[PDB]
Amino acid sequence: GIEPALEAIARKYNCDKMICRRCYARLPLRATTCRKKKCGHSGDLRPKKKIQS
Amino acid sequence: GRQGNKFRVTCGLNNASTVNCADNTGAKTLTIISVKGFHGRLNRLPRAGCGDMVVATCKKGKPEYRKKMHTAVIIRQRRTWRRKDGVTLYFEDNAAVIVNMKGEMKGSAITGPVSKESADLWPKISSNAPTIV
Amino acid sequence: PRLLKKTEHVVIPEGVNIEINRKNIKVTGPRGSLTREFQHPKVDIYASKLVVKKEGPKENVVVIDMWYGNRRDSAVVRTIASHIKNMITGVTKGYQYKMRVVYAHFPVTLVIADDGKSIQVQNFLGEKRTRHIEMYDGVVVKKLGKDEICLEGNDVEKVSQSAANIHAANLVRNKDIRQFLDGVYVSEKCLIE
RNA sequence: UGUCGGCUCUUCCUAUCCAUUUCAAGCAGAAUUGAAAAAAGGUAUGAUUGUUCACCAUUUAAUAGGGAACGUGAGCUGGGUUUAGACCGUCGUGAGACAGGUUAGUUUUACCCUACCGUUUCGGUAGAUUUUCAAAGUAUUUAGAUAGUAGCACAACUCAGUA
RNA sequence: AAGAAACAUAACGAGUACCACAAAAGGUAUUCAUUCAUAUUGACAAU
């Protein structure tokens, strides 16, 4: 029993992020570069996949 | 299928050890192949104490039981073992009964006494056990 | 490339006193006293007066000045200026961070100590382990309402870290976190006043 | 320079099989899959075969892959290969040939230096003079540069037939 | 062996040819140069 208001702030901390296709690291929404060194600061990122019921 | 823990019982039954089958399920003797839960070591043979589930084959019995691998529980052994209350005791022969993984006994009777170590571990055995020594 | 001179300033309001002794700013205001050390070997922090409005008058400022330096080091002038600016806000209108608790099925209880220097989180996702989470000096937790707490303090570095410490202790492990949206989250960051 | 394999034993590599910490999923849970840190600890029992290899039956948290003169014969064994006896099949006129099969076939020496493990003997560390001090000898009580390092894993109950 | 200027150096990176090794590829890392557009009475970012 969670209000949609509480959904909005909980999703942003967990869901609304980008993912480096090489780092696998969790990146901010407006990020345009793999932050971690091992992935070579790559520039190919994808959004985190949403839950589908 | 086992209930609770078991204290240290010095395992006197080796691999390829023939034991009697005190059950009534047409199997005379069983020879131990492996012991469930045994943790391996180099050159060591699997060991079984009282109340230990084993994997065994029947080399003497009815055709529906012979030449097949079964699961058995050791109920008594000739190996001297010591209870935590300073009682040193050992039986007259090694024997086992055939039970499945869930623990429910295949047969419905047991001949002779049953060790408390095996009885407490498997409730179904104690219900069919005449005496629990 | 190297900038010959990069300068930033922070204005001091009427109720704030700033004293600087070898990159050691102490700020005292209506709410209390704050102190920090900026151990960057290439910055010059000193008070002065400077006209900051196009037509406004002079006003007391703290000038952070850095001379010839690469862009790696020229970026610290504005960082330190922002840090001093937060001190002035902290000792004048302190910072408060409102954190709201989210659970799916198991209610979560927060046991706040009497002094407010410690909290306790219980029954998080049905667990039996109890999380304590200490608080930094100068940071005070309190129960705002139902399933909500706010942290009160002067230093934005202490307040924000303590709030993040509470969230970091209540992460979901080995489960799909897109479904188990549990924990304590920062609703918003604002000023006490 | 004793030429296969096995047995015994130590160490090393990580391109990790398990346990530990993390990120991702077309991750609801459970079970899995991709990837990062990390090589300190573990990684089995047997039928057949001289086999390395293989293929089966189990057990396990896992039953990972490799190196060290294809580690290791004055460490063992001698099953194979690889002399000399003998048999068969094919080849050859014949003596004889056959990474074709079969059976029987001596495995020597360390007491030397070093390495390693333990164990004795003799020698010995520099700037202080508050005689309540300073140094030399003998004995006890201590000190700790350095070197090594050890604890792991699984199961049962409760959480709970709950999320 | 003293002075001068730089691109390096938060890394077992760099360091005396033959020589005792490293590639493709990627980076909103960094320095310099060329070309183009916006550049004001007001471009970009924010409000």
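Residues numbered from 1 in each chain as written, not as in the entry; some residues may be left out. Chains lettered and ligands numbered in written order. Part of a larger assembly, values for the part shown. Heavy atoms only, no water.

As recorded in the entry header, the structure was determined using cryo-EM to a resolution of 3 Å.

**Re helix α3 (residues 156–168) of chain C**
When the terminal C-alpha atoms of α3 of chain C are compared, their 18 Å separation across 13 residues agrees well with the 18 Å that a helix rising 1.5 Å per residue should span. Among all positions of α3 of chain C, only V156, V159, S162, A163, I166 and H167 of chain C are buried. Buried residues of α3 of chain C, seen end-on, are gathered within an arc of 145 degrees and therefore sit on one face of the element. Residues of α3 of chain C that are buried sit in contact with α1 (4–14) of chain A together with α2 (76–92), β7 (95–102), β10 (140–145), β11 (148–153) and β12 (183–191) of chain C. (Helix = DSSP H or I, 4+ residues; strand = E, 2+ residues; numbered from the N terminus. Expected span 1.5 Å × (residues − 1). Buried < 20%, exposed > 50% of the residue type's maximum accessible area, 1.4 Å probe, protein only. Arc of directions from axis to C-beta. Contact = heavy atoms within 4.5 Å.)

**Re the interface of chain C and chain A**
On the chain A side, the residues contacting the 13 residues of chain C number 14 residues. Taking both partners together, chain C and chain A bury about 1,300 Å²; carbon and sulfur atoms supply 66% of that area. By the criterion of area lost to chain A, the three top residues of chain C are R178, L181 and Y185 of chain C, representing 47% of everything that side buries. Taken together, chain C and chain A are joined by 0 salt bridges. The interface formed by chain C and chain A holds 3 residue pairs in polar contact in total. Among the secondary structure elements, those contributing two or more residues to the side of chain C that touches chain A are β7 and β12 of chain C. Its residues placed into classes, the side of chain C that touches chain A shows 8 nonpolar, 2 polar and 3 charged. (Buried area = accessible area lost by both parts, 1.4 Å probe. Salt bridge = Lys/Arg side-chain N within 4 Å of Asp/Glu carboxyl O. Polar contact = N/O pair within 3.5 Å; in protein donor to acceptor, adjacent residues only side chain to side chain. Nonpolar A, V, L, I, M, F, W, Y, C, P; charged D, E, K, R; others polar.)

**Some words on the pattern of salt bridges**
Residues and elements named next belong to chain C. If you walk through the whole model with that rule in mind, you get 10 salt bridges over all chains. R131 is the salt-bridge partner of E127, the closest N and O atoms lying 2.5 Å from each other. According to the relative accessible area criterion, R131 is buried, its value standing at 6%. For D176, the salt bridge identified is with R178, shortest N-O distance 3.4 Å.

**Observations concerning the protein's contact with RNA strand E**
What surrounds RNA strand E is the set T32, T33, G40 and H41 of chain A together with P1, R71 and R72 of chain C. Here RNA strand E approaches the protein such that, of its atoms within 4 Å, sugar and phosphate make up 71%. In this structure, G40 of chain A approaches RNA strand E through a main-chain N or O atom, which is 3.3 Å from a base nitrogen. Within the side chain of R72 of chain C, a nitrogen or oxygen atom sits 3.2 Å from a base nitrogen of RNA strand E. Its residues assigned to classes, the surface near RNA strand E shows 1 nonpolar, 4 polar and 2 charged. (Near = heavy atom within 4 Å.)

**Structural notes on the nonpolar core**
All names here are of chain C. By size, the foremost hydrophobic cluster in this structure holds 22 residues, and its most contacted members are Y97, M99, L151 and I166. Secondary-structure elements contributing two or more residues to this core are β7, β11, α3 and β12. When near neighbours in sequence (up to four residues on either side) are disregarded, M99 contacts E148, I149, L151, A163, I166, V184, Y185, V186 and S187. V10, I18, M66 and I80 belong to the second largest nonpolar core, which has 21 residues in total. (Core = buried A, V, L, I, M, F, W, Y, C linked by side-chain atoms within 4.5 Å.)

**Section: the packing of aromatic side chains**
If you walk through the whole model with that rule in mind, you get 2 aromatic pairs over all chains. Summarising the aromatic geometry, the rings of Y13 of chain A and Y185 of chain C are spaced 5.4 Å apart at their centres and angled 85 degrees between planes, so their arrangement reads as edge-to-face. Taken as a pair, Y13 of chain A in helix α1 and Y185 of chain C in strand β12 lie in two separate chains rather than in one. Residue classification places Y13 of chain A among the partly exposed positions, given a relative accessible area of 28%. Ring centres of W81 of chain B and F91 of chain B lie 5.9 Å apart, and the angle between their planes is 20 degrees; this geometry places the pair in the stacked category. Of this pair, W81 of chain B sits in strand β5 (residues 81–82) while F91 of chain B sits in the loop between β6 (88–89) and β7 (95–98); the two residues are 10 residues apart in sequence, bridging distant segments of the chain. One exposure class covers both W81 of chain B and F91 of chain B, and it is buried. (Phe/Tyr/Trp six-rings, centres within 6.5 Å; stacked < 30°, edge-to-face > 60°.)

**Quick word on the protein's contact with RNA strand D**
Close to RNA strand D lie 35 residues, the nearest being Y24 of chain A, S34, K36 and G37 of chain B together with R178 of chain C. In RNA strand D, the atoms that sit within 4 Å of the protein are 82% sugar and phosphate, with bases accounting for the remainder. Within the backbone of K49 of chain A, one N or O atom sits 3.0 Å away from a phosphate oxygen of RNA strand D. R178 of chain C places a polar side-chain atom, nitrogen or oxygen, 2.6 Å from a phosphate oxygen of RNA strand D. At 3 residues, strand β2 (residues 27–35) of chain B tops the list of elements feeding residues into the surface near RNA strand D. A class-by-class count of the residues in the surface near RNA strand D yields 11 nonpolar, 10 polar and 14 charged.

**Describing the side chain of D147 of chain C**
All names here are of chain C. Locating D147 in the fold gives a position in the loop between β10 and β11. Put simply, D147 is tucked away with no salt bridge, and the nearest opposite charge, on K146, sits 4.2 Å away. Within the structure, the side chain of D147 is placed 3.4 Å from the side chain of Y103, a separation counted as a polar contact. (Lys, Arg positive; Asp, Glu negative; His and termini not counted.)

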